[PDB]
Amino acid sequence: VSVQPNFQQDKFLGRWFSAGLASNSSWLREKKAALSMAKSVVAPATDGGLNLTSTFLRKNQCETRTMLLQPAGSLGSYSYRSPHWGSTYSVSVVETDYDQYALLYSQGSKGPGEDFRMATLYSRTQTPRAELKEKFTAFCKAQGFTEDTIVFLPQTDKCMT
């Protein structure tokens, strides 16, 4: 996969909405679908990487998860080690215009997580334009995701502050 050329982390900061998902994991897709996504916040981390804080509704209760995306030696490329589930993942900002959308791609780099691939559509607005959806669908198809696994996640207006 390609990484956004001349990636500028400072312009990537702030509030994003998790609008689209493609995963080759039934278990993961099902887990995500049982939730409603609120907002995500991207902020710099001490290692030169990013903290990605995801807010979502589970069973009518607001919840938050924070993931440390460690720098992977080139701008726009990160590494994530899963504390629960094990394995390490390469995480790439493949394409972004910073103020409308971002396309992320991850795949395992160590452990059985290597089997797991995931594309994510982030949007600066919670309801993305139809053209953004088409951009995401086109990217996912090029990355070998089946059409059935390209979905647009349920959103919630709650948990926003």
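Each residue number is its position in the shown sequence, starting from 1.
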Given 30-38 and 115-123, the range whose Cα B-factors average higher in the PDB entry: 30-38
Higher-B stretch (mean Cα B-factor, as the entry records it), 150-158 or 4-12: 150-158
Top residue by Cα temperature factor, when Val93, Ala43, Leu69, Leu132 are compared in the entry: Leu132
Third of the chain's Cα B-factor distribution that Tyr89 belongs to, per the entry: lowest
Chain third (lowest, middle, highest) by recorded CA B-factor, residue given as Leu57: highest
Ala22 CA temperature factor, ranked by third within the chain: lowest
Third of the chain, ranked by Cα B-factor, where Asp97 sits: lowest
Assigned third (lowest, middle, highest) for the C-alpha B factor of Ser106: lowest
